[PDB]
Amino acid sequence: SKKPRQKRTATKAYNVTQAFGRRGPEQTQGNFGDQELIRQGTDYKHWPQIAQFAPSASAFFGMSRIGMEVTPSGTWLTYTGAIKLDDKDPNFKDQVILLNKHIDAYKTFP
């Protein structure tokens, strides 16, 4: 509470589930994080290699398709986009692996 969801920072004391809800399949529900990342948030020891893909505020509003939806639950800013991985980075294969490790990982555990 108090901090708007989008400005929260997950850590061990206030983790991904607590800040952003349980992972799952539903449309506006987050799907990213294995058990380790869920429990640790930005305390995850490989967090920097994930965060390198997160957009600056400028890039979020510069790159994304932004929209607004007014529904019975309130007014929502929608966003969609895509960020290209740098295939010239020697760490590219590892980046693909790390991201894929967390995408839909929740399917494998309660």
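Only the largest set of C-alpha atoms that superpose within 1.5 Å between the two forms is called the rigid core. Counting begins at 1, following the sequence as shown.
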| item | value |
| --- | --- |
| Stretch with larger C-alpha RMS deviation in 9 other deposited structures of this protein, core superposed, 53-61 versus 70-78 | 70-78 |
| Mean temperature factor over C-alpha atoms, higher-scoring stretch between 7-15 and 90-98 | 90-98 |
| Entry-level comparison of average CA B-factors, 77-85 and 24-32, reporting the higher stretch | 24-32 |
| Relative C-alpha B-factor of residue 66, binned into the chain's lowest, middle or highest third | lowest |
